[PDB]
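> quick one, what's the 3D model for this:
(2 chains, ligands or ions: 8)
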Number of protein chains: 2
Amino acid sequence: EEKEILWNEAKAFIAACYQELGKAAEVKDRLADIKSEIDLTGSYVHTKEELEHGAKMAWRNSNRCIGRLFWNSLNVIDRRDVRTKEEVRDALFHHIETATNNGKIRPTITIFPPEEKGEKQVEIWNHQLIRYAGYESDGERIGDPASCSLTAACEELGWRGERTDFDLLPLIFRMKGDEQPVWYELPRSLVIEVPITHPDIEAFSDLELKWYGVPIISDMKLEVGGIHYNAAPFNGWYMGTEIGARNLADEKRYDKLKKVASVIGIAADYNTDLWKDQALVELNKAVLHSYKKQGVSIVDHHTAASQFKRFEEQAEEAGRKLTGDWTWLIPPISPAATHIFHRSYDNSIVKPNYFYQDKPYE
Amino acid sequence: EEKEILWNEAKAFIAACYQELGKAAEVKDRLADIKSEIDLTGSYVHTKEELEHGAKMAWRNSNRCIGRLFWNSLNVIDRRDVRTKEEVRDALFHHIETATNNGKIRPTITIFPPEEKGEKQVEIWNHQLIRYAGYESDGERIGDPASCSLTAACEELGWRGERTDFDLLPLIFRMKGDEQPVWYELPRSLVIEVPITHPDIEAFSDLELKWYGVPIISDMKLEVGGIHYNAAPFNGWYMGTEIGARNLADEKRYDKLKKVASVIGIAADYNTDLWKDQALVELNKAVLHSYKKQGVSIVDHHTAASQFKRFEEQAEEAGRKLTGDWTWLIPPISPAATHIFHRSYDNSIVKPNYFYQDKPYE
Ligand code: HEM
Ligand code: HEM
Ligand SMILES: Nc1ccc2ccc(CCNCCc3cccc(F)c3)cc2n1
Ligand SMILES: Nc1ccc2ccc(CCNCCc3cccc(F)c3)cc2n1
Ligand SMILES: C[C@H](O)[C@H](O)[C@H]1CNc2nc(N)[nH]c(=O)c2N1
Ligand SMILES: C[C@H](O)[C@H](O)[C@H]1CNc2nc(N)[nH]c(=O)c2N1
Ligand SMILES: [Cl-]
Ligand SMILES: [Cl-]
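Numbering: from 1, shown residues only, chains lettered A, B, ... in the order given. Ligands and ions are numbered 1, 2, ... in the order given. Below, you will see the structure:
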């Protein structure tokens, strides 16, 4: 009965994948092999080529992602061979190093062994491989509030954060058969961070803001042809607004706009002064300037949207339907200055794709 | 068969309206009267109380409107008595005067006789009662491009614009029985305009921008209990972003951001400088400042969103379902700085409501 769902997903993915790779004549034989393998084993194993193209298709199909123009150049690392926690750890360290690439970020995914009977082989607890801790007790808020529950779970396991506003969380994951996850402190030499300064307001450095170089999302499930790769961290480079208009700006995150207004020398008293808007613009200029000055890849929302327009044009030319989530594609500052705001998108879900999955803590 | 649809809409509206007005015991008798009236005449006539509350309910139910907190104070002018084009003209002139109210804008609707057999009694061609003309010929663009087709239709009728960037279109409407609409130049004494200046950048006035004081939307159909009031112009006061982030900023409108960047002294060369964002913020500050300085009502998007939060809270307390269109409620600048961006809304259509209808020209 589950062999049923699997086989159907397999037929659809292999046909599509092989068409795209110019291997259409190999489909019959490959599906025959797949069919025996499911019958006998309950599952099937992707070839390296299928897995690579599958991860790339999954990015291409991610409705909420504005960065999809570059789907075909995703660097896919096949780590289906790992069996021990040390191998998982070192694969994760390697992903950070190779993705970071001295600042010239390479969009990369590392793919771990997939679920078997819906049994995870490896279960990653981090939201991103590099992320700051958050604390709150006695009204006192420190660090990143979005990290509060994982931070508390880490401190249940014997880790202790220094309680700066920018503590790096350890890697934390659980192996099949183990009751508890293990954790490993990140080697600081692997983690690039960028201090936030402003191109012409010298006092901006008084805020002592920084952010990390590479967002490596590690809690989503990659699904390809019926196979569920629950552990498959991936990364791009940041779009500036993610950091300047959300991470550093949201009231439920670092909540810095009032402090930004003060250092740029404007009053934060009247809604009609649009001081939040002005502060947002200067904070976002600072983030882009700072990443560029440090030689870490980043894209601004205008350039990103113009890349996405090319992705739309490419989809049409290739004869593929385009799907998108308008509510996530529009950037959180000046959305009406992008073409995205002025058209609509079909939010249908197409596989292969990346999906949310339940948190193992909380 | 149409008596069927009408009667059903009537039952639902009268029951709801009368509950809200504390008149629930009068429903049976009123519906009885309505039922005879439909049988004998094919339609029914709203009482002044029903029409007033109906227009207010229609505003309350307008999913795309952020200004709905004030739905219950709408000033409803009943002009179902008009029969001649001079009466229509003078009703429209009066609406402008009373809505404008020397700058202290009163949200107002003037309701004209409704459709009969789906036959319009009065057909208004203007999109808004006050709006600028637009022209394009030989690559030359003048005025408001969104007004190009109505401008051309007006010039078919013997009107001629001066071809400034801010020509006021005449009122234009057609009476039942007439083959062509008539047009009337707006008396300039009735129309408040606001020159756009900046609170601290003196050169901003070099752009010679202005906008009109009151948006009076005149091409939507009000539907109340099965009755179709196709001619029922209404107005609020502006939210600043409508003017500063869209009318004056959109590339397909006045397209002023490059000129704004120049007068505020920033380069418009690099996407990473966020010059469009900075220009948008200063243009939007200027619009709010200018309206305030002239004593014409206006609201900024932050205050508007906080009013809308109160509307949401009021709906819950009153036990009413809330409906909304997230894609229109978020403002076009700093949307993530409003609570609207961070929740979702049910976009279901509830009547009474305002609806689009087909243009009579083009
Ligand atoms: C190359 C640079 C990239 C840029 C600039 C980019 C940009 C973005 C942005 C701005 C978002 C919205 C995030 C948010 O608001 O939380 C996003 C969402 C997303 N991106 Fe990309 N992206 C890139 C690469 C990638 C890659 C390599 C993948 C996967 C292979 C990916 C998959 C996704 C997915 C799945 C989401 C949606 C996440 C969710 O629903 O929570 N992106 N992207
Ligand atoms: C009192 C001040 C008001 C403010 C500040 C306000 C604000 C707004 C804004 C900003 C929009 C979006 C417009 C756009 O992007 O084109 C809007 C839409 C709308 N408003 Fe309001 N509004 C107000 C009063 C009213 C009144 C009095 C009515 C009717 C009685 C009304 C009915 C609507 C409708 C129907 C729409 C949607 C129009 C469409 O779909 O094209 N509003 N409002
Ligand atoms: N620049 C990029 C590249 C790839 C990305 C891939 C995924 C994402 C989504 C990250 N945010 C998901 C929503 C979320 C989850 C958990 C906490 C939050 F604050 C927000 C962002 C990306 N940004
Ligand atoms: N401030 C207000 C108050 C009431 C309003 C009622 C309705 C509207 C919608 C006006 N715009 C409709 C969309 C449209 C139509 C025609 C040309 C355009 F450029 C845009 C705006 C309002 N703004
Ligand atoms: C409620 C709302 O739809 C939702 O919280 C979204 C809106 N659009 C977004 N878009 C992006 N890119 N990221 C987000 O976190 C959100 N939040
Ligand atoms: C395509 C897109 O959904 C659409 O053009 C909308 C987006 N949201 C909007 N929201 C408002 N308030 N006004 C508009 O004109 C638009 N344009
Ligand atoms: Cl992030
Ligand atoms: Cl307008």
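> next up, the contacts around whichever residue of chain A sits closest to ligand 4.
Sorted by distance to ligand 4 under CB to the nearest ligand atom, the residues of chain A start with residue A:342, at 11.2 Å. Where you see a C-beta, it was placed from the backbone N, CA and C, and this is true even at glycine. Residues in contact with residue A:342 (CB atoms under 8 Å, 6 or more residues apart in numbering or on different chains) are residue A:336.
> switch the cut-off to 10 Å
Residue A:342 makes contacts with A:330, A:335, A:336, B:250, B:251, B:252, as judged by CB atoms under 10 Å, 6 or more residues apart in numbering or on different chains.
> name the element the closest residue to residue A:190 other than its chain neighbours belongs to?
Spatial nearest neighbour of residue A:190, excluding adjacent residues (CB to CB, 6 or more residues apart in numbering or on different chains): residue A:96 at 4.9 Å. For residue A:96, the element it lies in under DSSP states H and E is helix A:85-100.
> distance check, residue A:63 against residue A:353.
8 Å (CB to CB, to the nearest Å).
> now swap in residue A:289 and tell me
35 Å.
> residue A:186 now?
From residue A:186 over to residue A:353 (counting by CB to CB), the distance is 29 Å.
> swap in residue A:292?
32 Å.
> the residue nearest to residue A:190 contacts residue A:129, doesn't it?
Yes - contact between residue A:96 and residue A:129 holds when scored by CB atoms under 10 Å: they sit 6.0 Å apart.
> who's more crowded, the two?
Using other CB atoms under 10 Å in any protein chain shown as the criterion, residue A:96 and residue A:129 rank with residue A:129 on top: 26 against 23.
> need the phi and psi values for the nearest residue in space to that one that is not next to it in sequence.
Once flanking residues are discounted, residue A:129 sits nearest to residue A:216: 4.1 Å by CB to CB, 6+ apart. Dihedral angles phi and psi of residue A:216 (degrees, to the nearest 10) take the values phi -120, psi 100.
> now do residue A:171
According to degrees, to the nearest 10, residue A:171 has phi -70, psi 140.
> correct me if wrong: it contacts residue A:129.
Yes - counting by CB under 10 Å, residue A:171 does reach residue A:129; the two are 6.6 Å apart.
> now do the shared contacts for those two.
Joint contacts of residue A:171 and residue A:129 (CB under 10 Å, 6+ apart) are A:92, A:93, A:96, A:186, A:218.
> assumed the fourth one was part of a helix.
No - using DSSP: H, G, I helix; E, B strand; the rest coil, the assignment for residue A:186 is coil, not a helix.
> roughly how far does it sit from ligand 2?
Residue A:186 sits 46 Å away from ligand 2, going by CB to the nearest ligand atom, to the nearest Å.
> contacts for stretch A:37-47 next, please.
In contact with stretch A:37-47 (CB under 10 Å, 6+ apart) are residues A:2-4, A:6-7, A:10, A:13-14, A:17, A:30-31, A:33-36, A:50-55, A:78, A:80, A:111, A:114-117, A:224-227, A:229.
> which ones among those residues lie within strands?
A:78, A:111, A:224, A:227, A:229 (DSSP state E).
> out of those residues, which are buried?
Neighbour-count burial (16 or more other CB atoms under 10 Å in any protein chain shown) is assigned, among the ones in strands among the contacts of stretch A:37-47, to A:111, A:224, A:227, A:229.
> how much space is there between the last one and residue B:272?
Using CB to CB, one gets 35 Å for the distance from residue A:229 to residue B:272.
> for the second one, same thing?
Plainly put, residue A:224 is 36 Å away from residue B:272 if you go by CB to CB.
> all helices of the stretch 1-150 of chain A, in order?
A:2-20, A:27-41, A:48-60, A:85-100, A:148-156 (DSSP state H, counting those that start in this stretch).
> for ligand 2, which of those helices is the nearest?
Nearest to ligand 2, of the helices of the stretch 1-150 of chain A and by CB to the nearest ligand atom, is helix A:48-60 at 32.3 Å.
> tell me what the closest one is packed against?
Packing partners of helix A:48-60 (3 or more CB pairs under 10 Å, 6 or more residues apart in numbering or on different chains; DSSP states H and E): helix A:2-20, strand A:75-78, strand A:108-111, strand A:221-224, strand A:227-229, strand A:234-235, helix A:301-317, strand A:353-355.
> figure out how far stretch A:225-237 is from the centre of its chain.
Distance, stretch centre to chain centre, for stretch A:225-237: 10 Å (CA atoms, centre = their mean, to the nearest Å).
> residue numbers of the stretch 251-362 of chain A in contact with ligand 5?
A:327, A:328 (CB under 6 Å from any ligand atom).
> and the helices in the stretch 251-362 of chain A?
Using DSSP H, counting those that start in this stretch, helices in the stretch 251-362 of chain A cover A:257-263, A:275-294, A:301-317, A:326-329.
> a markdown table for these, including distance to ligand 2?
Shown next, in a markdown table, are the helices of the stretch 251-362 of chain A (distance: least, CB to the nearest ligand atom, whole Å):
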| stretch | distance to ligand 2 |
| --- | --- |
| helix A:257-263 | 23 |
| helix A:275-294 | 16 |
| helix A:301-317 | 20 |
| helix A:326-329 | 15 |
